[PDB]
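Engineer: Contents of final.pdb (PDB, C-alpha atoms):
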ATOM      1  CA  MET M   1      76.888 -55.757  62.293  1.00  0.00           C
ATOM      2  CA  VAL M   2      80.398 -54.466  62.866  1.00  0.00           C
ATOM      3  CA  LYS M   3      80.752 -50.747  62.199  1.00  0.00           C
ATOM      4  CA  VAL M   4      82.672 -47.714  63.441  1.00  0.00           C
ATOM      5  CA  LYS M   5      81.809 -47.146  67.097  1.00  0.00           C
ATOM      6  CA  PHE M   6      84.197 -44.259  67.744  1.00  0.00           C
ATOM      7  CA  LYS M   7      83.791 -41.768  70.590  1.00  0.00           C
ATOM      8  CA  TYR M   8      82.480 -38.321  69.694  1.00  0.00           C
ATOM      9  CA  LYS M   9      82.477 -35.419  72.185  1.00  0.00           C
ATOM     10  CA  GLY M  10      82.952 -37.964  74.968  1.00  0.00           C
ATOM     11  CA  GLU M  11      80.184 -40.359  73.958  1.00  0.00           C
ATOM     12  CA  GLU M  12      79.667 -43.451  71.817  1.00  0.00           C
ATOM     13  CA  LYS M  13      78.592 -42.596  68.281  1.00  0.00           C
ATOM     14  CA  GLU M  14      77.980 -44.807  65.248  1.00  0.00           C
ATOM     15  CA  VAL M  15      78.496 -43.795  61.623  1.00  0.00           C
ATOM     16  CA  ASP M  16      78.001 -45.679  58.359  1.00  0.00           C
ATOM     17  CA  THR M  17      81.194 -46.558  56.505  1.00  0.00           C
ATOM     18  CA  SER M  18      79.614 -45.021  53.404  1.00  0.00           C
ATOM     19  CA  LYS M  19      80.118 -41.623  55.037  1.00  0.00           C
ATOM     20  CA  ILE M  20      83.885 -41.968  55.387  1.00  0.00           C
ATOM     21  CA  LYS M  21      86.243 -39.477  53.738  1.00  0.00           C
ATOM     22  CA  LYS M  22      89.731 -40.162  55.087  1.00  0.00           C
ATOM     23  CA  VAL M  23      91.006 -42.832  57.463  1.00  0.00           C
ATOM     24  CA  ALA M  24      94.354 -41.567  58.746  1.00  0.00           C
ATOM     25  CA  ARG M  25      96.555 -42.862  61.554  1.00  0.00           C
ATOM     26  CA  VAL M  26      98.429 -40.839  64.180  1.00  0.00           C
ATOM     27  CA  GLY M  27     100.160 -42.591  67.087  1.00  0.00           C
ATOM     28  CA  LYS M  28      98.458 -45.502  68.823  1.00  0.00           C
ATOM     29  CA  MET M  29      94.946 -44.294  68.008  1.00  0.00           C
ATOM     30  CA  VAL M  30      92.882 -43.843  64.848  1.00  0.00           C
ATOM     31  CA  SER M  31      92.003 -40.309  63.754  1.00  0.00           C
ATOM     32  CA  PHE M  32      89.622 -40.517  60.798  1.00  0.00           C
ATOM     33  CA  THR M  33      87.258 -38.003  59.207  1.00  0.00           C
ATOM     34  CA  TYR M  34      83.656 -38.882  58.388  1.00  0.00           C
ATOM     35  CA  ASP M  35      81.109 -36.854  56.434  1.00  0.00           C
ATOM     36  CA  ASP M  36      78.543 -35.563  58.916  1.00  0.00           C
ATOM     37  CA  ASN M  37      77.575 -32.770  56.507  1.00  0.00           C
ATOM     38  CA  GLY M  38      77.224 -30.115  59.188  1.00  0.00           C
ATOM     39  CA  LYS M  39      81.013 -30.086  59.407  1.00  0.00           C
ATOM     40  CA  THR M  40      84.229 -32.067  59.086  1.00  0.00           C
ATOM     41  CA  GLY M  41      83.344 -34.889  61.440  1.00  0.00           C
ATOM     42  CA  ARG M  42      86.396 -36.261  63.225  1.00  0.00           C
ATOM     43  CA  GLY M  43      86.415 -39.478  65.225  1.00  0.00           C
ATOM     44  CA  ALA M  44      89.075 -40.997  67.462  1.00  0.00           C
ATOM     45  CA  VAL M  45      89.198 -44.623  68.591  1.00  0.00           C
ATOM     46  CA  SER M  46      91.931 -46.923  69.904  1.00  0.00           C
ATOM     47  CA  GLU M  47      93.366 -49.230  67.241  1.00  0.00           C
ATOM     48  CA  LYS M  48      92.942 -52.241  69.534  1.00  0.00           C
ATOM     49  CA  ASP M  49      89.397 -51.071  70.235  1.00  0.00           C
ATOM     50  CA  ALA M  50      88.742 -50.440  66.545  1.00  0.00           C
ATOM     51  CA  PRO M  51      85.827 -52.440  65.019  1.00  0.00           C
ATOM     52  CA  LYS M  52      86.582 -54.862  62.164  1.00  0.00           C
ATOM     53  CA  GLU M  53      85.014 -52.412  59.694  1.00  0.00           C
ATOM     54  CA  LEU M  54      87.331 -49.518  60.574  1.00  0.00           C
ATOM     55  CA  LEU M  55      90.213 -51.904  61.281  1.00  0.00           C
ATOM     56  CA  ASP M  56      90.079 -53.085  57.671  1.00  0.00           C
ATOM     57  CA  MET M  57      90.226 -49.512  56.364  1.00  0.00           C
ATOM     58  CA  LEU M  58      93.612 -49.174  58.060  1.00  0.00           C
ATOM     59  CA  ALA M  59      95.252 -52.353  56.776  1.00  0.00           C
ATOM     60  CA  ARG M  60      95.133 -50.842  53.284  1.00  0.00           C
ATOM     61  CA  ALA M  61      97.222 -47.905  54.498  1.00  0.00           C
ATOM     62  CA  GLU M  62      99.756 -49.477  56.861  1.00  0.00           C
ATOM     63  CA  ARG M  63     101.153 -51.872  54.259  1.00  0.00           C
ATOM     64  CA  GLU M  64     102.661 -49.499  51.714  1.00  0.00           C
ATOM     65  CA  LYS M  65     103.147 -46.499  53.988  1.00  0.00           C
ATOM     66  CA  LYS M  66     104.152 -47.358  57.544  1.00  0.00           C
TER      67      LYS M  66
END
Here is the file; what I need is its structure written in the form of structure tokens.
Structural biologist:
Amino acid sequence: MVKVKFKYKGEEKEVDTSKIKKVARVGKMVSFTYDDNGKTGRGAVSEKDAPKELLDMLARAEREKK
């Protein structure tokens, strides 16, 4: 039951992992881009506050990059 619970426009918003385009990483937060259709959906959530689901999508990027 663990999924991305990022904060959109100052409010909790949930999005299926199936609608995930790119999961980038800036400083101490996670700036990913999900497919909301209407536009380039962008979500931001603290890495320590990142749900297992989204936290696993980062481990495959901070091992051969960072």
Engineer: Between CA of residue 25 (chain M) and CA of residue 5 (chain M), what is the spacing in Å?
Structural biologist: 16.3 Å
Engineer: What does the distance from CA of residue 54 (chain M) to CA of residue 17 (chain M) come to in Å, to one decimal?
Structural biologist: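 Computing it gives 7.9 Å between the two atoms.
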Engineer: Evaluate the PyMOL selection byres ((chain M and resi 38-53) around 7) against this structure - the residues, as a list in words, please.
Structural biologist: residues 2, 3, 4, 5, 6, 7, 8, 28, 29, 30, 31, 32, 33, 34, 35, 36, 37, 54, 55, 56 and 57 of chain M
Engineer: Figure out the distance between CA of residue 65 (chain M) and CA of residue 19 (chain M), please, to one decimal in Å.
Structural biologist: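 Separation of CA of residue 19 (chain M) and CA of residue 65 (chain M): 23.6 Å.
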Engineer: Can you tell me, as lines of an AutoDock Vina configuration file, the centre and edge lengths (Å, one decimal) of the axis-aligned box enclosing all of region 36-54 of chain M's listed atoms after padding each side by 4 Å?
Structural biologist:
center_x = 85.3
center_y = -42.5
center_z = 63.4
size_x = 24.1
size_y = 32.8
size_z = 21.7
